[PDB]
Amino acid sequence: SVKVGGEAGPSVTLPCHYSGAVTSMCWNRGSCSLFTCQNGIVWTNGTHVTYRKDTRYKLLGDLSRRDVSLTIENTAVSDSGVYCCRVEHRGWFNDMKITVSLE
């Protein structure tokens, strides 16, 4: 079970490297939802981000090679919580729960 963080202030990166075909995804700020990201903070359409809730949220990896890891810049204690990387393929998805803890 992936857990990331430590001190508030620095950036933190939540890793997510998926399998299967290159496809669209969403980052959820909250536990993994069953059928979408109920509190989606990042959305991709193919290999490019079409929505991000906060300018602090960046996908810095190679999306064409299935790296949709989320970097949260300028972190604060309140960023602590569970997040979900949800990758949506044709008729199935993969999701990865990640815990963030920042003091």
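The first residue of the shown sequence is 1; numbering continues from there.
Here the stretch with the larger average CA B-factor, out of 54-62 and 31-39, is 31-39.
The PDB entry records a higher mean C-alpha B factor for 13-21 than for its counterpart among 79-87 and 13-21.
Residue-level temperature factors show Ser69 in the lowest third of its chain, judged at the C-alpha atom. Ranked by Cα temperature factor within the chain, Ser1 sits in the highest third according to the deposited record.
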